[PDB]
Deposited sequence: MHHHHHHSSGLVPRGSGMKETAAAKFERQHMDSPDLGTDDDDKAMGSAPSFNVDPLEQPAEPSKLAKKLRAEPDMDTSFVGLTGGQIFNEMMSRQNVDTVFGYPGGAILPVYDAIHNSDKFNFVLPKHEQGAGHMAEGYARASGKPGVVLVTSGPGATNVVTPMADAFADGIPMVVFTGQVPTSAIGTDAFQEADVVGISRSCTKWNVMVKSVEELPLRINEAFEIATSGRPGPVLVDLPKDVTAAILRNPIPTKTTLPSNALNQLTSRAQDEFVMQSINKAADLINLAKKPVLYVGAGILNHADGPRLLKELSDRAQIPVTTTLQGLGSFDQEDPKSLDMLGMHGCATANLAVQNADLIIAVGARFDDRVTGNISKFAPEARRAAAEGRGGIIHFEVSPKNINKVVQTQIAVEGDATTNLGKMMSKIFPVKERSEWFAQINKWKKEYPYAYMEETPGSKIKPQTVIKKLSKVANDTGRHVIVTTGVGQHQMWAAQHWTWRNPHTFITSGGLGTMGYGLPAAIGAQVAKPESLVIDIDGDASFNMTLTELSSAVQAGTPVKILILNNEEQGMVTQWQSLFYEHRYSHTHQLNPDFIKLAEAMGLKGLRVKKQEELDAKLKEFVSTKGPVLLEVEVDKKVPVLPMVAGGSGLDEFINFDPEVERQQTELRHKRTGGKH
């Protein structure tokens, strides 16, 4: 038995447990039910505390922190509204597999089920958006539940867990002492050595191991296999390398999508074949299916969660467990490929004919959002500092993914599964806390920013010099794009009235910069990244600009729509006509 906790309150035990769990930062907001814990951590030197203005902010900050550090994000909020306010961050973390331990205060056990003040069935509400949750029933089991929580949140596919803490439990004083894969790997190696047009389809899974990108590069080099990544995989592969296919999917480049449709063997590494990547499932990877029917190729899936194997598409070989680990074991079984003339020739043909094209700036026209990303990408890189990027949700998010040059793992923190608008700012703040020395940039949209802009003041109080970039098109761009394309340009409530972003930033205690003219863009971006403290830069960009290429509806990854200058001009005329000149 152990007695190192005897005599301590549940809250004090919590304080100690954070230390034992190597927790160096806690994001939270106090409240009545959780007071016993806040009293115990008052002026605690075991970890730093970050106070947001809204619990949702604490949640997304914790996700940002976890994404940039690899450590679980710890949240501490009160009962009722405190707990319900973190449901979105949990659902978000659940969708993207982010390690997060949410601690929610709860009314006394003697008040549960009586419709008590600020009481909510948090365990029930968060059941579908947590890998596991529980309500601590006594101080004796607090250490155990805390240990199980951290373990579960960081095992298998990382995810969020919730621990409900009744007020009487955290106030209570502890009085008494307390207590085959190899086979798949072999077949996988043979299939690869037998592939004539292989493709590595890499996702976030490869980033869950410090050696992930290293081994990925090793395999790519050894077998000379081109690599394409999902949105969440960006950064795991050097895009400067000739073997990089860039991003695939709904808004991925043509090369990446075509290679996937013509590949005889798809090597899926830490990717779940979500509906934003596969396109029309029945049309997905036609050549791989043909190679599978001929026993000369198909799909190999390195997946840690059995539930995600054969969930979307039938695979030929499944390698269960950590991807990085299994890739290391298979390495030696892989035959060094000299070169793939034909494969690389076809791929390079596509790259030269299908680049991320778009309507560039013309004399007197407004600034193009794509151009802003390309310029900022270079300006940021030229600082020589470690750069981390977060984003909101929408077009600006896709443009950031496409036009930025990814080379470093854990440098792109964006909401993909749930796609939570407002993620940008709080995520950046969290990331900055995790990497104090890094340059953290939040590439945001005006609508997304409006969702959680109150956290600007939190950036100041937390001492996080985040760089907030707002690509202002005065519209919910991603939605208007769908409205333009699928709903005859009927913009139904997709234009919110924006506040003055510069005056807002200043009101919040940040420096505010704005750019309207092309001739001032370069200087503004430079001043932006070189500013010492937190700063916000608003760039007025062109409106109703579609993100291309694009695969939607029943279209296959190869049935994408590409950019065409003449088509854009025709759409503009049609749009003006249908909106009476309003848009």
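List in ascending order the stretches of the deposited sequence, numbered from 1, that lack C-alpha coordinates.
-> Going by the record, the segments left unmodelled (no C-alpha atoms) fall at 1-74, 254-273.
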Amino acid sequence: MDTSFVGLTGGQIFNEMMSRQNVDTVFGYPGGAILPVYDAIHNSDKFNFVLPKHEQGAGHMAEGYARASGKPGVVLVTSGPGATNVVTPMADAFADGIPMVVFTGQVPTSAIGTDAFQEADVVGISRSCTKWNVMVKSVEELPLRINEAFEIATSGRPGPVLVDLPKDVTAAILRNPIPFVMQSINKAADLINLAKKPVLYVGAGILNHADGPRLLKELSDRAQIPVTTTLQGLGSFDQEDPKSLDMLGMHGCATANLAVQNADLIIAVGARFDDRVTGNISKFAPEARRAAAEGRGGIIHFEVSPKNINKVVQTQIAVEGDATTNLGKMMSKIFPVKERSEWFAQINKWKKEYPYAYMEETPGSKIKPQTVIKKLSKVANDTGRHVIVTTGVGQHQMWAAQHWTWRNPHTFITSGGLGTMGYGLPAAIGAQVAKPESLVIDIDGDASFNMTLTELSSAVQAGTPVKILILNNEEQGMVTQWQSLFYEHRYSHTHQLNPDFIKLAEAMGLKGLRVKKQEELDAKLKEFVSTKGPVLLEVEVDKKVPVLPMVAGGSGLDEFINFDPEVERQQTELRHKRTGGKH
From here on, numbers count along this sequence of modelled residues.
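We call the rigid core whatever largest set of C-alpha positions still superposes within 1.5 Å between the two forms.
When the other structures are laid on this one by the rigid core, do the CA atoms of 282-290 or of 72-80 sit farther away in 8 other deposited structures of this protein?
-> Of 282-290 and 72-80, the stretch deviating more in 8 other deposited structures of this protein is 282-290.
Is the larger C-alpha RMS shift in 8 other deposited structures of this protein, relative to this form with the rigid core superposed, found in 423-431 or in 330-338?
-> If we average over structures and residues in 8 other deposited structures of this protein, the farther stretch is 330-338.
Which wins on mean Cα temperature factor, 231-239 or 94-102?
-> Of 94-102 and 231-239, the stretch with the higher C-alpha B-factor average is 231-239.
Compare the mean C-alpha B-factor of 128-136 with that of 262-270 as given in the PDB entry, and name the stretch with the higher value.
-> According to the PDB entry, the answer is 262-270.
Residue selected from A116, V202, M330, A83 by maximal Cα B factor | Of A116, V202, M330, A83, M330 has the highest C-alpha B-factor.
Of the choices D500, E287, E475, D442, which one's C-alpha carries the largest B-factor in the record?
-> Max CA B-factor in the entry, restricted to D500, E287, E475, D442: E287.
Report the third (lowest, middle or highest) to which the CA temperature factor of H489 belongs, ranking only the modelled residues of the same chain.
-> Its C-alpha B-factor, which the entry lists for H489, ranks in the middle third among residues of this chain.
Name the third of the chain's ranked CA B-factors that contains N408, choosing lowest, middle or highest.
-> It belongs to the highest third of the chain when residues are ordered by C-alpha B-factor.
Where the record places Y423 (Cα B-factor, split into thirds across the chain) = CA B-factor rank for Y423: lowest third.
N48's Cα B-factor: lowest, middle or highest third of the chain?
-> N48: CA B-factor falls in the middle third of its chain.
Grab the CA temperature factor for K467 from the record and place it in the lowest, middle or highest third of its chain.
-> For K467, whose C-alpha B-factor we compare with every modelled residue in the chain, the answer is the lowest third.
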